[PDB]
Every structure is written in structure tokens, then in C-alpha cells.
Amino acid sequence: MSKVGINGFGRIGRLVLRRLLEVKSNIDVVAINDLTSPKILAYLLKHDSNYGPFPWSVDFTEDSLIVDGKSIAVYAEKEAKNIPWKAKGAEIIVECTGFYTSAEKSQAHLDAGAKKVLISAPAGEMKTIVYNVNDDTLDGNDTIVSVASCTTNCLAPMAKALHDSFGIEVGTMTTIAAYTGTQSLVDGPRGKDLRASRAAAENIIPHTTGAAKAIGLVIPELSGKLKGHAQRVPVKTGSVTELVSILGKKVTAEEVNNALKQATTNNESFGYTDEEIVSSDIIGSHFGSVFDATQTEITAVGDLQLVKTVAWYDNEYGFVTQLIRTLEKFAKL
């Protein structure tokens, strides 16, 4: 089975390898590109503030990591076209740096000798997969594909089930979400976004997201029907997405919950809970999204009805399990 390279050995990139080893994937990770020394990547891989000690041995040499006894070449090329993917035969690149989020930009990996790129972020108008929502749209001719955001992977399965069961006419979402590396530790410049410049562990911070606006790449029938944003708050990982919808039918809360429960049955990407969990309970989830029946709310006056549905997601590990499900299929094609 296919050989993989990881560009960007960050929060997502390191967890990609963790999850591939955890599921004993036949994918062989043969090369990693980042901006730093093997010694430092080894330290970051062995010790994780969110998920604890790495479950396999980690060592490094001057130019590689040794993970569970197996060598992974380490490169440090800030420009992707300079990465020597052919040296170890990396055919599929998991693109996790944040800096190649377009077909034009990730073309650099194919120029550098790879066959396919899976981008761990929204990447404009390209094929965009939420596993177990629209992964059947992948085919053998795709070369550059996106798995959208963590938030998309949370929102899409819930929106899909509601639309399939009842029709979504229009809706808006807010995700209350763990802070990430795009934000700031102390108040200081963070590119052009003013709110991103503010101390992330000390604030509720409004944040734009494209999860709702671009949902049509994943669920074409919902194109233009959703908007949304984020409130970034001081938890280290673990997030929750609220969606307020007008549906195509009057419903009860039990009816909505029953429809979602059916959508999560035999569904390794989309979980269900009716337990009164909190964000730390989603840390380490193996789902991309967990619908929370306890938070469903129907507000009605006359023939006007608003439906609020809520799903949790581990924006790090849970999303990564979706990235890996997509990678395994992308690599078989």
C-alpha cells in the first residue's frame, strides 16, 4: 500500500502519524517535511500536552525520525517544490502546514514528484470530502483534494441528516471552539486579523469560519443556505457546533433526535450521545462529530419554527480520524 509524506509536522501532522499507527494502517509514512531539526520534532512527537506520551518509541538521527523502529526521512524545505519526495517514494502528501491551501499552491508537491495531495484544510473550489458524507465522490483521477476544516467535519454530518430527513431551508451556526495555533498567546500582532492578535487563553474571541458558507462543496443542495462563525474560548482542544435552522417540516425534539440517531447507526464518522457531556469528554474522540441529543431545542410560534441542534467535535484528534479515513480511501483509488 501507498507511501505517504507529511508536510507540516504540527498539531495535525503529528496526530496524522499517531492515528495511522494506532489503526495499524497499511499506509507507510516514509517522509516528513517541516522547518526544524529532527531532535525537536522527536521531542514534540514524544510529548504531547493534549494526548499524552506517544504510544510508540521515538528517536531521531541527524536527518530522520526512528518511530517504533522504522525510519522516516526528515526534510526542512520551506518551499514545497524543493521537497525530495521521490527519494523515499512518497506518493501521497498530507499537506498540513496551512501554506498550500489551493490547487495552484499544492501543485508544487506534484512538481516535486508526488502523485496526490490531501490538504488538511479548506482549499477553495476543489473536491472537498467529509468522510461518510460525500467520500463517494472521490475517484481515481483526483490528485488534489481537501478535507475542509474540523468545523466542516462537525457541521456537515449533522446538516446532512437534517436535510435528508426534513429539509433545511436556511440556517446559521456558531461553534464554541478550542483555541488553535493561528491565535496569540499574549496580545500582539498576528498578521492582519485584529481579534487573532488577542490572548487566546484569556478571552472569548469571535472568529470567522468558512464551514457554513462553503458547505455546498460537501452537500451541494445546501449551497448558499448556511452562514456561521466561531467563538474561540480557553480550552486546549474539544469544540462544539450549534446550528439554528428552519426546516422543511414541523418537528418535535424527539423526532429530530430519532432521525439523528438513525444517521449515526453503523457510522464510524458520526457519533451520538444523550449523556450530559462537556468538552473534555470529547478529547480523543474517534468520530468527526458527535450529535448531542441533550441540547436539541425547538422554538415555535404559530407556523414559525426554529430548530437548534448541537454536535461536539475534537477539532484535533476527531478531525484527524476523518482525515485518515479519507486518506485511506484516496490511497486505494
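Residue positions are given as counts along the sequence shown, with the first one as 1.
For this session: Higher average CA B factor in the deposited record is what I'm after, so tell me if that's 76-84 or 206-214.
Result: It is 76-84.
Problem set entry | Of 105-113 and 154-162, the stretch whose C-alpha atoms average the higher B-factor in the entry | Result of the comparison: 105-113.
Exercise. Based on the PDB record, which member of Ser149, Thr172, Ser71, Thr143 exhibits the highest Cα temperature factor?
Worked result: By C-alpha B-factor in the record, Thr143 ranks first.
Exercise. Going by the entry, which of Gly188, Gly181, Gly248, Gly238 has the most elevated CA B factor?
Worked result: Highest C-alpha B-factor among the listed options: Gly248.
For this session: Ordered by C-alpha B-factor within the chain, which third holds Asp63? Give me lowest, middle or highest, please.
Result: Top third by C-alpha B-factor.
Problem set entry | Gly288 - Cα temperature factor, lowest/middle/highest third of chain | As the PDB entry reports it, the C-alpha B-factor of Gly288 lands in the lowest third of its chain.
Problem set entry | Modelled-residue ranking by C-alpha temperature factor, third containing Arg195 | Tercile = middle for this residue's CA B-factor.
For this session: Using the B-factor values recorded in the entry, state whether the Cα atom of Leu306 falls in the lowest, middle or highest third among the modelled residues of its chain.
Result: As the PDB entry reports it, the C-alpha B-factor of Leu306 lands in the highest third of its chain.
For this session: Sorting the chain's modelled residues by C-alpha B-factor, tell me whether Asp274 ends up in the lowest, middle or highest third.
Result: Its C-alpha B-factor belongs to the middle third of this chain's values.
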